[PDB]
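If you want the building blocks of each chain, they are given just below.
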Amino acid sequence: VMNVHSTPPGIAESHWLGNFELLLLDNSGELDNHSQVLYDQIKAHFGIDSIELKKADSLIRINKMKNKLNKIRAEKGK
Amino acid sequence: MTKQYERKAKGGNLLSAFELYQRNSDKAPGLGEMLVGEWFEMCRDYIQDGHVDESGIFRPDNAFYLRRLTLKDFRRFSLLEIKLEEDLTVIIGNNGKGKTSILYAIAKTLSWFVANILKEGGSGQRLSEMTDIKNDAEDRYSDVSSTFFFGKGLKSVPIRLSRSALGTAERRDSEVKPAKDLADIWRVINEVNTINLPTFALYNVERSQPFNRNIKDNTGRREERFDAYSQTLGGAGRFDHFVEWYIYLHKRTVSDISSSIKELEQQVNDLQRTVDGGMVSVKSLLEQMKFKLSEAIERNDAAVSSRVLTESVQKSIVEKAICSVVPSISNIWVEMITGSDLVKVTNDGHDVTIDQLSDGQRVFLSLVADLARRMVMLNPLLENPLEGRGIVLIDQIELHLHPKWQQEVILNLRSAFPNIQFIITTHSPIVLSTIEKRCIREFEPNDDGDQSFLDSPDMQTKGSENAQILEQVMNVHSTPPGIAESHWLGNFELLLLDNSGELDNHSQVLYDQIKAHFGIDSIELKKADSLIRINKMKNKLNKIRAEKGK
Amino acid sequence: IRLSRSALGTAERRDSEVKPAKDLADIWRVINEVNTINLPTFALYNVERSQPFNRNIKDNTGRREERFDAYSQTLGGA
Ligand SMILES: Nc1ncnc2c1ncn2[C@@H]1O[C@H](COP(=O)(O)OP(=O)(O)O)[C@@H](O)[C@H]1O
């Protein structure tokens, strides 16, 4: 109705969750050095009880899961 | 006497150094010029020292800001204490929980600084004896305390404004001497040699006056340097004074002194040669302009000796400050219409005038313009006068502002005025989303005034969702509890929980009315569908587990 | 009802068609005179409100009990 972003766009910390996703997808759903650095930054800024870390760890767990799936599939698909 | 004073002054203390300078001001001159000059030039350098950081912003070596505020029996507070952030502090809470009282007390504290900067031995405002004293208070008096910080030399500059009620049977006195000392240093150092002075401004909710297009003619008081202290801690900033000052700057830019002193000299050269033979009657009654030539020489040396900025530079600085903070204002200038001079602005490509502005753009414009004018007048020795010291109190920063403008009201203000300590109160989570958690002091919803600390939230508000800040910090539900249709999703969840998961008659009726009200593709219907699918999957898991074994 | 105004310094002026409102208010007022009737309430609350309030109004000239005082400054904004 009001045409306003729920999360402010001018704050660099607001794009961190999306910028995370990409890092985990730019790789193959898996944590690496820079993605771990970004996750540590999200931990330090938002905190443990924050929803942002909840979604970040949900993404981490899921992408670690759709890759064990992919594994059990490409192995049998050759 | 001076033996330990000299050692303490060399250690980085300007109270002892100022005492030495004052004691050596009235001593024998000539031989003692260097001795007193050392103290003067290291007290002045204490105020004027600073560098330009990697961002290109001048940072004073000794920042000035308020550190601690204590309110004893002041209004609804029994004993309240605040630790204020050096750069930005935001006070949030429900209606009638303080906030305005805190800013009011800080303003009454800063009034002593302003008054003693203006006049020798000046006196500031004092707490009211009718409404500032807490009701049902057995002490029957209130006091407010401040702990300003002005660098390593002055780590704490106490002030205590006190006030006793009617027939309190004893009178409490304000200890406001450390403010007098610091402001005496500021004033006398400025008198001997021009120095940058702090700006103390308060912006109450009483800044929404509808503007007057009739401008008092420039009598000569608005371009005086110590007019930025005129009604500065009085609620609304003087926007009429800004309009007069801006029009005066425009006139002095389009006229200048390079094309006025030469014409006066030419007139004198012609008249004197004409009256060379005699008949001085044409010079007796024309001696007024020959004396006004010297009068123009006066009031001009102060413009070059004090290192004050050029009128065009001040106008450009104020224009850049105004356009870069107000989202709608693109350009501001003075135009001559029917002879009279008026200020016109650019709102989204249109060229309306000031009194055609809305209540949201005009109030923000007046705030920013007043602050910029005060900084420009009070900081003539800086390349960017907006990077100067000061304490600015703003009540309800989001006043008359759309949520779109609230996402960028803090960044713009803190980028235009980097070195000013902003102490603001807010009622919106959109403003809080752009502010760090450490900068917020919150009143708990269940607070009767006995609490003695304002604390920061336990969630990082910066960069968070509106709903999260509204729920965890402001403690208001995402859906209005007074609306019946807002509890339909929760009822649907309960109905799906108590049943086996299949849509029975009641759940089907609830789903039908939810779809009818919110819509076919609303978020509520999508949530209902996701719950339906997840309960189907849960039942499938349970069935698989049951079929695996008993 | 139409309220019209021509710009300053324009030779041709535009009139306002306010007769029907006058007729309706004449009905209200004349009927009220003969037999008291309930009258409509028209109020405007602009931004001009929220000014400080001190009890400085003693000789305020006008009589607040008088029924038609409910229309005094009722559309001023405050
Ligand atoms: N002298 C007093 N004694 C007791 N309570 C007072 C006194 N003066 C004001 N209050 C209370 O303190 C509050 C002042 O409101 P205010 O400071 O403007 O809060 P907010 O800015 O959050 O709206 C009100 O709730 C008022 O009832």
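This write-up is about the structure you can find in this document. (Residues numbered from 1 in each chain as written, not as in the entry; some residues may be left out. Chains lettered and ligands numbered in written order. Part of a larger assembly, values for the part shown. Heavy atoms only, no water.)

1. A few points about the overall build of chain B
Let me state the cut-off plainly: Secondary structure elements are defined from DSSP: runs of H or I of at least 4 residues count as helices, runs of E of at least 2 residues count as strands, and each element is numbered from the N terminus. Note that the radius of gyration is over C-alpha atoms, with the globule rule given as 2.2 Å times the number of residues to the power 0.38. Here the term buried applies to any residue with accessible area under 20% of the maximum for its type, exposed to any over 50%, and partly exposed to those in between, with areas from a 1.4 Å probe on protein chains only. In this analysis, two residues are considered to be in contact whenever any of their non-hydrogen atoms come within 4.5 Å of each other.
Within chain B, the secondary structure is distributed over 19 helices and 14 strands. Its C-alpha radius of gyration of 31 Å places chain B more than 25% over the 24 Å reference for a compact globule of 550 residues. Every one of the 550 residues in chain B was classed for burial, and the buried ones make up 48%. Counting contacts in chain B only where the partners sit at least 6 residues apart, residues at least 24 apart contribute 67% of the total.

2. Looking at the interface of chain A and chain B
How we decide: What counts as buried area is the accessible surface, traced by a 1.4 Å probe, that two parts surrender upon association, with contributions from both included. Criterion for a salt bridge: a side-chain nitrogen of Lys or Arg within 4 Å of a carboxyl oxygen of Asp or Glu. Nonpolar residues are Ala, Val, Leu, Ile, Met, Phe, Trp, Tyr, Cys and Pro. Charged residues are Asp, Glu, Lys and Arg, and all others, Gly as well, are polar.
Counting residues at the interface gives 16 residues for chain A and 14 residues for chain B. Buried area between chain A and chain B, summed over both chains or domains, comes out near 1300 Å², and the portion from carbon and sulfur atoms is 59%. Considering only the side of chain A, the residues that lose the most area to chain B are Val4, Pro8 and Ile11 of chain A, jointly responsible for 32% of the buried surface there. On inspection of chain A and its partner chain B, the count reaches 0 salt bridges. Tallied by class, residues from the side of chain A that touches chain B come to 7 nonpolar, 7 polar and 2 charged.

3. Things to note about the arrangement of the chains
Summarising the chain contacts, 2 pairs of chains touch, and the pair with the most contacts is chains A and B. Looking at chain A next to chain C, you find no contact at all, with the nearest C-alpha pair sitting 21 Å apart.

4. Looking at the packing of helix α1 (residues 16–26) of chain A against helix α3 (residues 51–74) of chain A
Geometrically, a packed helix pair is captured by the angle between its two axes and the distance between the axes. Residue and element names in this part refer to chain A. Here is the rule we go by: Axis angles are defined between N-to-C directions and span 0 to 180 degrees, where every axis is a line fitted to C-alpha atoms and, for a helix, only to the segment in contact. These descriptions rest on fixed angle ranges, namely under 35 degrees for roughly parallel, over 145 for roughly antiparallel, 65 to 115 for roughly perpendicular, and the rest for oblique. A clockwise turn of the near helix away from the far one marks a right-handed crossing, whereas an anticlockwise turn of less than a right angle marks a left-handed crossing.
Relative orientation of the contacting elements α1 and α3 amounts to 15 degrees, with a least axis distance of 11 Å. In terms of their interaxial angle, α1 and α3 are classed as roughly parallel. When the axes of α1 and α3 are compared, the crossing they make is right-handed. Taken together, the residues of α3 that come into contact with α1 (itself represented by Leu17, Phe20, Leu24 and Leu25) are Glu52, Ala56, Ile60 and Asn63. Counted by class, the contact of α1 with α3 contains 6 nonpolar, 1 polar and 1 charged residues.

5. Re the site of the ligand
Residue and element names in this part refer to chain B. Short version of the rule: Any residue with a non-hydrogen atom lying within 4 Å of a molecule or strand is treated as near it. In protein, a polar contact means a hydrogen-donor-capable atom and an acceptor-capable atom, both N or O and within 3.5 Å, with residues adjacent in sequence counting only if both atoms are side-chain atoms; elsewhere, any N or O pair within 3.5 Å suffices. Here the accessible surface of atoms and residues is derived via Shrake-Rupley with a 1.4 Å probe, and residues count as covered only by protein chains that are part of the display.
Close to the ligand lie 14 residues, the nearest being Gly98, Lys99, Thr100, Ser101 and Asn135. Side-chain polar atom of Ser101 to an oxygen atom of the ligand: 2.7 Å apart, as the coordinates give it. The backbone of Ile133 places a nitrogen or oxygen atom 3.0 Å from a nitrogen atom of the ligand. Considered on its own, the ligand offers 580 Å² of accessible surface; in the complex 68% of this is hidden by protein. Looking at the shell around the ligand residue by residue, the class counts come to 1 nonpolar, 8 polar and 5 charged.

6. Concerning the nonpolar core
Selection rule: By nonpolar core is meant a set of buried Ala, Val, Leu, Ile, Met, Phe, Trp, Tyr and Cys residues that side-chain atoms within 4.5 Å join together.
In terms of nonpolar packing, the biggest core is built from 122 residues, with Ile102, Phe113, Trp186, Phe200, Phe417 and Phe422 of chain B touching the most fellow members. The greatest single-element share of this core, amounting to 11 residues, is contributed by helix α12 (residues 359–378) of chain B. Contacts of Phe200 of chain B, omitting those with residues within four sequence positions, involve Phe64, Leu110, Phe113, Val114, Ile117, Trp186, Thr232, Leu233 and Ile391 of chain B. Core analysis: the second largest hydrophobic core is formed by 11 residues, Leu23, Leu24, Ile42 and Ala56 of chain A among them.

7. Examining unusual backbone geometry
Residue and element names in this part refer to chain B. The backbone of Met279 shows a phi angle near 50 degrees, a positive value even though the residue is not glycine. Note on placement: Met279 falls in the loop between α7 (261–274) and α8 (281–284). Look at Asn475: it is not a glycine, yet its phi comes out positive at around 60 degrees. Of note, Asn475 is situated in the loop between α16 (466–473) and α17 (488–498). Looking at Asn475, the relative accessible area reads 48%, which means it is partly exposed.

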